[PDB]
Amino acid sequence: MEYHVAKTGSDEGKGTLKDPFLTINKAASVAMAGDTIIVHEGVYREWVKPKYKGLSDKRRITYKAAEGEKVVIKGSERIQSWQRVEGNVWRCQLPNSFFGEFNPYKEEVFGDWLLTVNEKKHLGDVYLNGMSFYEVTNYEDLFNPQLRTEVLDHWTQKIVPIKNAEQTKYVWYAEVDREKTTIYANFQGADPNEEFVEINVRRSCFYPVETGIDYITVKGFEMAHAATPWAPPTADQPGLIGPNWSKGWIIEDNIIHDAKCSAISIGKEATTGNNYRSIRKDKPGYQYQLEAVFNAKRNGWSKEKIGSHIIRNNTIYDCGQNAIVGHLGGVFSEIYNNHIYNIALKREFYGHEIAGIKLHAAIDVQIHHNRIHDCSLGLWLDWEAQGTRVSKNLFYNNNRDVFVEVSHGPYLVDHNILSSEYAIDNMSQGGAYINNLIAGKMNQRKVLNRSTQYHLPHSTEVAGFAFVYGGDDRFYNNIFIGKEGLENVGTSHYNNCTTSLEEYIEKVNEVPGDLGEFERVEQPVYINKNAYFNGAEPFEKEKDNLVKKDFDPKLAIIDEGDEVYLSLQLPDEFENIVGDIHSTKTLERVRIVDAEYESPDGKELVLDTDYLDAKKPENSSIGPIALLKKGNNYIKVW
Amino acid sequence: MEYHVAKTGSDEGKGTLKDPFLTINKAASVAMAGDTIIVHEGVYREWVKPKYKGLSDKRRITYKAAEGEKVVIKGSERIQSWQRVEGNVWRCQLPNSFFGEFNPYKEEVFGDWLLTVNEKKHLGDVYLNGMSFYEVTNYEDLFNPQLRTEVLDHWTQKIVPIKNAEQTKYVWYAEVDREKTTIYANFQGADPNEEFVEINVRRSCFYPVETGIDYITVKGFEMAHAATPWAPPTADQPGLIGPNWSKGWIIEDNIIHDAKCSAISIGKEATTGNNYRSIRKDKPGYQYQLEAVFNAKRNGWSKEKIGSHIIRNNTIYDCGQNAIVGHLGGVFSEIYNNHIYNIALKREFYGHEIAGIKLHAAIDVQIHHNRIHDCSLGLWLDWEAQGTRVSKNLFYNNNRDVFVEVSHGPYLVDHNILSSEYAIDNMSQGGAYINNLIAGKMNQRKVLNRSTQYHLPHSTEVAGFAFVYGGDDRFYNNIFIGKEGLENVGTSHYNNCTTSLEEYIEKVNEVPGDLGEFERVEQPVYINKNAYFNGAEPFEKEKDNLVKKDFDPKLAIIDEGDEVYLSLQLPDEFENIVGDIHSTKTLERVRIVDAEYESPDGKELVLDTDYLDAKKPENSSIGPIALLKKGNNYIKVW
Amino acid sequence: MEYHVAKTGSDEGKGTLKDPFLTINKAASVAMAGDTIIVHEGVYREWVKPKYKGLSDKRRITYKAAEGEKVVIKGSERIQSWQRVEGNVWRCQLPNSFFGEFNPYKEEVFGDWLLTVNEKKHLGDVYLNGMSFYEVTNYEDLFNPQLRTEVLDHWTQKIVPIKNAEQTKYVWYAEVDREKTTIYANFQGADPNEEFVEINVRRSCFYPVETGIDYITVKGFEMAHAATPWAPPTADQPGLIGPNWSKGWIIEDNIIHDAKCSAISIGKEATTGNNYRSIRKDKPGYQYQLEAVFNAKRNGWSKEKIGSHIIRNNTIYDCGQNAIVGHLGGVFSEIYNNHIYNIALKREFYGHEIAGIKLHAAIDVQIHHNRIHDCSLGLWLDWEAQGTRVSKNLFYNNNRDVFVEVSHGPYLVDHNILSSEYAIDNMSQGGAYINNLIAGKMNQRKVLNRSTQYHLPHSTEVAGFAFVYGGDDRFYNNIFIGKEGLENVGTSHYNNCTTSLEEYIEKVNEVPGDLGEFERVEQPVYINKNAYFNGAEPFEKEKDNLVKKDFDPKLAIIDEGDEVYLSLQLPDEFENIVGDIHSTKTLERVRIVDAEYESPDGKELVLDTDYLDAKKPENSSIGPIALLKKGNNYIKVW
Ligand SMILES: O[C@@H]1[C@@H](O)[C@H](O[C@@H]2CO[C@@H](O)[C@H](O)[C@H]2O)OC[C@H]1O
Ligand SMILES: O[C@@H]1[C@@H](O)[C@H](O[C@@H]2CO[C@@H](O)[C@H](O)[C@H]2O)OC[C@H]1O
Ligand SMILES: O[C@@H]1[C@@H](O)[C@H](O[C@@H]2CO[C@@H](O)[C@H](O)[C@H]2O)OC[C@H]1O
């Protein structure tokens with residue numbers, strides 16, 4: 001059946017093209033495996049809840065915007081009952097029933113690993129012609145808000161400019177009592193009943209209320225204004241839109257924005273763990289998280305029931321925690337051709353779950369051809385990044401590009417452009433960095449007080465757990481570019497490491513013993529054919545590399561809106577260093593996990609196409625793009 | 001922490017004895033492992049939703065009535081806005097908002113195995129001073145309702161007396177449109193605003209809205225009027241009160257009544273299957289049910305996470321489907337000392353899920369010392385009755401007492417009084433009927449077109465599945481009593497069976513082959529030391545028995561309210577037949593499941609105590625009570 | 001490390017090219033992950049037992065014949081100590097110690113589903129210059145054996161010519177006592193000490209004695225003379241060569257022959273079940289088999305640990321039970337480009353486990369491009385043929401080509417040439433027969449007294465179990481060819497079936513009920529675009545077909561040794577039927593299992609290449625080869 005929803009329809013109608021329903025949730029309550037829901041032009045202020053599941057990729061349930069029509073789903077409501085209090089501060093009042101069981105003005109940003117704990121923030125929000133406001137703590141703070149032009153990035157501890165300084169003068173504050181909710185905001189001179197003013201109301205826009213609602217496709221909608229809660233790996237992880245613990249979703253061609261915390265969630269649900277550290281306080285989140293993994297396994301977490309989602313061609317921005325989030329629920333998924341930006345820039349709250357994309361247990365996840373910029377952290381892989389592949393992505397203007405934490409691999413980062421000043425946070429082992437352009441520092445550190453799971457290949461089955469001893473990384477064909485006043489760009493971080501698994505084994509086995517003997521020897525690194533310009537430093541034992549510390553490539557990423565260009569100068573010597581095609585055959589297996597770098601299907605992986613998808617010969621330029629050559633280079637990269 | 005709830009309290013209070021909360025759900029939203037909630041006298045019209053789980057039997061969360069106080073939880077509301085329409089018919093009207101998302105007047109009795117499909121019934125109800133009404137189909141049926149005094153028992157096809165004929169004149173009917181719910185009822189002359197008139201409103205009284213809320217004890221409440229839905233093994237199975245897919249609850253000392261369908265549910269939740277036959281219509285519930293078993297297994301169904309509930313010392317009556325119901329969620333549970341009666345007597349709807357107690361997959365469930373009467377069916381064990389023990393129960397005045405269907409055992413039925421005319425529906429194999437008084441017929445039938453699971457011992461692990469070939473039953477020390485014209489009382493049903501596993505094996509292996517050779521031989525039966533009176537007939541190959549077809553025991557169960565007596569005459573020959581103490585050692589293992597009759601803990605089981613819990617010697621009177629002797633017997637049995 | 005084994009070697013040697021080992025088992029006791037064992041020219045009389053496992057597809061352990069060298073592994077020994085008894089009968093005697101724990105002359109062909117129980121046969125064998133003998137039951141039968149030229153095919157009950165009639169005069173008989181093994185045989189005039197005479201000695205040739213020895217490649221050997229035991233699905237299933245319950249073997253380019261029972265085994269091991277029906281006799285093999293599936297599941301039977309083997313480019317012939325056999329151990333494997341013939345033609349023993357290839361639980365197994373002829377039965381898929389694809393194979397001169405038993409699909413049989421007179425035994429549902437040439441009858445039957453497992457897609461997880469109700473099959477683009485006096489060729493078998501899942505559901509849901517209602521409606525069949533010649537008959541409701549009862553295609557398969565040709569005449573109308581390219585989108589899902597016809601990786605399957613591997617046009621003619629045309633066709637098919 002092909003159901004139709006239109007602003008001229010009726011939920012008492014048949015749901016056909018000639019007699020369409022009025023609300024999307026109406027169609028969602030009757031559609032079944034194989035059906036399509038076509039939604040016509042209009043703004044739908046409702047939380048859509050798919051009731052029945054698709055039964056296979058062929059028999060999915062498809063929700064999409066009519067061809068050529070602008071369809072918006074919002075979790076907000078326009079408010080036109082504001083009353084001026086004094087100066088530029090206005091107030092509106094709503095009976096609590098307006099929000100029902102979930103009141104964003106009563107709900108707090110709360111949970112494990114949330115660090116901003118003295119100044120409570122809530123899930124509500126006020127918007128003036130689309131621009132969200134800043135929450136303030138007291139009634140008094142509403143009247144003469146101070147314009148701010150700079151802010152502290154918590155992780156890097158650097159003061160950075162505020163993108164939209166003007167927005168800092170727009171503030172809101174709310175009070176919830178037993179009968180009603182009173183919301184105040186400073187509109188700086190505008191008449192809020194006259195301008196287009198909205199407030200957050202619902203938690204989500206498109207998210208099932210039951211787990212297991214598989215095979216749903218959601219396509220071509222603009223979705224916005226969702227009061228989503230802090231979403232750590234140890235709690236339920238709702239988002240503005242998400243599959244809610246199921247399999248085979250396809251979320252594509254949507255423009256998603258203004259989720260209080262995470263926009264798209266492919267995370268876990270409450271049953272396997274729900275902020276026990278923050279609520280019970282008897283054990284840390286670390287201990288509760290490794291436990292949630294086993295609880296999930298007992299609840300059927302496996303390729304047969306969970307994950308294999310596709311997130312593609314979406315534009316996601318202006319969210320406070322992530323554009324994409326998820327612990328466990330995203331295994332085997334694919335995330336590609338997305339444009340992600342402006343994530344967590346307002347910095348109203350901070351904690352260890354913020355990034356454009358953050359995934360825990362991203363087993364065999366493929367993250368490729370995405371454009372991620374203007375985020376405090378572009379991508380964060382945290383625990384169990386096994387089989388994960390980060391390939392052909394464009395990262396720029398981020399406070400940090402990539403962070404892979406407490407993982408054992410094998411994980412692969414290939415043909416990416418990582419152009420931010422702080423490019424890599426590496427607190428893992430078992431990685432392969434192949435043919436990337438890396439223009440920022442790398443912070444590499446062992447993790448000896450936290451042990452995390454590893455798995456059988458291409459599976460959620462647990463094989464064991466390990467600490468991160470550091471090393472056991474591969475670096476081939478990368479172009480590293482330092483900068484005056486920037487330390488740690490390159491691979492010199494591994495100077496004390498062995499250079500082959502055979503060497504590591506010979507050394508460990510020089511004297512009888514067990515664990516202690518292994519801990520006294522540094523793991524091996526496999527590093528060759530990298531270039532180091534403008535101050536980047538090489539691993540001391542690399543055999544074939546190109547080092548020109550005094551050469552400045554003058555790298556620039558030129559963002560012109562729908563298109564982005566890469567500008568880079570390369571020295572004549574660039575022509576004399578040639579890279580090999582890497583593959584399952586050329587990359588040494590990771591030690592602890594004892595597994596190869598292969599395709600998700602178990603077959604050999606061959607890294608022979610570059611960032612621009614051009615096939616390359618056995619000897620070609622190093623770096624992410626085969627076309628780069630000595631001299632001037634100006635290449636369209638998006 | 002010991003929380004207090006009282007009608008003088010406040011939900012903004014501390015919840016202490018001096019500053020109590022007002023609603024039980026307020027305490028349920030903050031209590032944590034190890035806390036107790038003490039509720040003071042009053043009627044609490046709310047659905048209590050335990051929020052946090054107990055963490056062990058020691059650290060449970062206890063909800064209880066204050067010592068000596070009458071505490072009532074109801075799902076109904078008193079209505080005093082009725083307006084006379086005409087005659088004795090009155091009407092009230094409520095906004096749909098009054099019911100929230102669950103409206104009993106809109107929600108139908110619906111689902112797999114519901115047979116009364118031409119006459120739509122709903123989950124609502126109307127009560128006059130506690131007496132529920134009969135729903136009618138048309139507005140017109142309200143004005144001159146017919147008093148009925150007899151009704152057809154569906155399974156037995158016998159017309160029987162309606163217990164409360166007067167009640168048949170009180171009828172209701174309702175309509176729900178987009179805005180309002182309108183209820184009409186005939187009050188036969190009473191003034192509904194003057195009398196105490198209530199209507200169903202909420203689905204449950206005490207039921208978590210999340211699964212996994214373990215170790216909760218609910219004690220000393222009267223709970224009533226819940227609009228519970230039709231609960232087959234293939235759907236979500238909510239009830240008036242239940243653990244909702246969790247472990248270790250204790251439901252004791254409560255008085256529960258007027259659940260539309262099932263009162264106490266220890267069943268399954270929606271995720272493992274939800275009326276797929278009725279909704280998708282592509283495969284029968286039979287096929288969907290065996291699938292739900294494997295779906296649950298992948299969803300954690302095991303002794304470590306589900307079951308081990310205790311339901312004791314409760315009185316449960318006036319429910320339309322069951323006093324206790326549940327598929328999968330009741331494994332390893334114990335049900336004892338409960339008084340169950342008046343279950344499904346109104347017969348407003350009928351289907352194959354009705355009985356005082358009905359349990360699917362009652363693995364190792366212990367059902368003992370219960371008083372069950374005035375039910376269309378007392379107990380129904382349907383599928384996987386493995387390790388189940390029905391012992392020392394008192395069944396009387398039921399259209400049928402016990403039904404064990406498509407199970408392979410080993411299941412044990414010992415020391416019971418099955419006094420109804422139709423005592424047993426036996427559509428299984430692997431049973432042991434030891435020391436019972438059986439005074440009604442047995443209908444024994446093979447089931448060759450349905451195969452069902454069997455398990456490893458004391459576990460939910462699946463070992464295989466099988467059809468019911470019939471036989472492979474044990475009958476020792478039972479007293480059978482027929483009645484004029486009543487056929488099939490006794491054990492002659494098995495006349496063609498083999499008499500030992502050795503004989504079955506020898507006959508099967510006479511000619512080479514496989515399945516076909518096994519199917520041509522009847523399974524063995526182990527029958528000895530039974531007495532047959534007043535028409536009961538024995539297995540023709542039984543070696544030691546007492547048959548006195550002409551002797552009438554003049555059996556009578558005298559129910560005097562809180563006490564019940566058994567009146568029974570026995571012949572002088574009764575003294576010459578003596579029974580052995582049966583045990584794991586004396587009961588032959590079941591053939592297909594290949595398991596012994598033992599205790600839930602895997603230890604030897606010895607059946608040396610009778611119905612009155614008196615220890616008995618090796619040679620003792622047969623039947624359920626050792627005190628029974630030749631002559632007159634008048635014994636208190638409750 | 002590359003180890004070398006040569007007849008000039010020594011097992012005290014280093015095992016290098018210059019200082020090679022002498023036996024292959026010596027290399028097998030020291031080789032580790034990533035090593036290669038190169039065996040040089042010669043005959044190695046030993047059972048090779050791989051000791052250490054390969055660790056991945058990249059780090060396997062490879063055993064292969066040196067390039068261009070003839071390497072033979074045999075389980076036999078040459079005997080030259082024969083003494084003439086009388087006439088042409090000779091005798092040899094050996095110490096029992098010569099056979100060790102396994103004596104072929106003592107061991108019997110024994111076990112579940114073995115039907116020849118009067119005539120005890122043993123696992124030994126005698127060969128004269130490579131030609132095996134027939135065992136006789138009594139000493140006296142040795143002296144004047146009668147030449148036999150015809151024999152009864154047990155299944156078809158037709159008397160057929162004996163291929164090698166002369167071989168019927170060579171017989172052997174043996175006795176084993178406390179000390180010695182004495183073997184007698186009639187050499188019909190030859191001198192066994194002068195000729196090359198061998199006897200079976202060892203059970204296997206290349207088989208680990210431990211399970212889990214994964215990732216082994218065996219290439220380029222000739223292997224022969226193994227005293228392998230009867231291998232039903234309910235027992236241990238050893239073979240001449242096999243992985244013995246592990247994952248990722250590659251058995252290729254070998255010539256394998258004279259395995260007493262099965263040659264290559266990808267079956268199960270003893271712990272999950274071992275002839276309990278035959279040994280305990282309390283339950284049938286059917287019951288013990290369904291149990292073995294669950295026992296294996298608890299023993300880790302899953303894609304992560306078992307299966308994914310590849311058997312390609314081998315020639316396997318002269319085996320008494322199968323060329324390839326296996327229950328459970330072969331999941332997800334691929335079998336292709338093998339030449340299989342002369343399987344079970346001596347008929348010294350018979351039972352329900354015989355076929356060129358027999359697999360139980362062939363989940364997602366791909367069987368393609370195989371040439372299978374001169375077998376009593378070409379291929380037998382028995383239980384759990386889910387996701388199995390039988391494609392582009394050449395079947396001729398077999399008493400029966402294919403048998404798919406008690407499976408529920410989705411299973412695919414496409415682009416095959418099934419040229420024998422008895423082409424298909426179909427005792428399943430859920431099949432799709434696409435673009436085949438089928439020249440023999442089909443026997444299709446329901447199986448209502450045996451229920452068997454089905455699974456989640458692409459997994460060993462159990463989803464349910466079911467009887468075979470019949471139907472729910474698809475037949476598109478097949479060319480059926482009848483023959484005078486041959487009945488049941490075509491698709492008329494399905495005449496009472498519904499024609500769409502919609503029709504089935506509508507009819508079942510005409511009257512309320514459950515299983516009984518579903519049982520009275522015949523499952524749907526999807527049949528169109530088939531041709532029926534020379535007496536083949538169509539499904540009465542097929543909409544687009546070509547029926548020419550009087551047209552005789554005079555099909556003939558001309559076997560010229562290494563090349564095989566197809567000769568076929570087609571009518572002028574042949575090109576009027578235009579076939580569609582089938583795929584996941586065009587094949588209706590199977591009903592009970594509720595799954596689509598997909599690729600093993602879970603993606604869309606498109607059948608767009610023909611038997612000759614030519615890309616097929618959208619508007620193609622039917623049958624297995626797109627180039628078939630009206631008139632004469634003479635095509636090389638091997
Ligand atoms: O379990 C995840 C953690 O691995 C991660 O937190 C890291 C360790 O704790 C902090 O002190 C570190 O700075 C941070 O990188 O995120 C929290 C949780 O998702
Ligand atoms: O699956 C359960 C059934 O075993 C049971 O239904 C039985 C079989 O169908 C009816 O024809 C029989 O009369 C009934 O006893 O209940 C339905 C379901 O819970
Ligand atoms: O379990 C497998 C059987 O399905 C199969 O036996 C079939 C059923 O019994 C016989 O009467 C049939 O002819 C045969 O096809 O093989 C035995 C076992 O492998």
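Computed from heavy atoms alone, side chains included, the values below leave out hydrogens, waters and symmetry copies. Letters A, B, ... mirror the listed sequences (proteins, then strands); counts begin at 1.
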Heavy-atom proximity to chain B below 4.5 Å, by part of C/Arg277 = side chain
Run the ring-centre check on C/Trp155 versus C/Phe403 and record whether the distance is less than 6.0 Å.
-> yes
Of the backbone (N, CA, C, O) and the side chain (C-beta and beyond), which part of C/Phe467 lies under 4.5 Å from a heavy atom of chain B, both, or neither?
-> side chain
Would C/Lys507 and C/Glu522 pass as an ion pair if we require N to O under 4.0 Å?
-> no
Toward chain B, the part of C/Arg298 with a non-hydrogen atom under 4.5 Å | side chain
Ring geometry between B/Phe465 and C/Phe465 (parallel below 30°, tilted from 30 to 60°, perpendicular above 60°) | parallel
Counting only heavy atoms closer than 4.5 Å, note whether B/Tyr286 contacts chain C via side chain, backbone, both or neither.
-> both
Residue from B/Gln453, B/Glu517, B/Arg280, B/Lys281 scoring the most non-hydrogen pairs under 4.5 Å with chain C is B/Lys281
C/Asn509 portion near chain B, given a 4.5 angstrom heavy-atom threshold | side chain
Charged N-O contact under 4.0 Å between C/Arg589 and C/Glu596 = no
Turns out that what part of C/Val462 lies under 4.5 Å from chain B's heavy atoms comes down to both
Does the distance from a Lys or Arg side-chain N to an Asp or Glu carboxylate O, for C/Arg347 and C/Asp153, drop under 4.0 Å?
-> yes
Selection from C/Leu515, C/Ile505, C/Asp282 maximising heavy-atom pairs under 4.5 Å formed with chain B = C/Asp282
Got more than 12 heavy atoms from elsewhere within 6.0 Å of NZ, C/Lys585?
-> no
To the nearest 0.5 Å, what is the distance between CG (B/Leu456) and CG (B/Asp594)?
-> 11.5 Å
Chain C interface, residue from B/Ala466, B/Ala463, B/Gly513 that has the most non-hydrogen pairs under 4.5 Å = B/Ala463
Looking at C/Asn449, C/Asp112, C/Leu448, which has the largest count of heavy-atom pairs under 4.5 Å with chain B?
-> C/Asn449
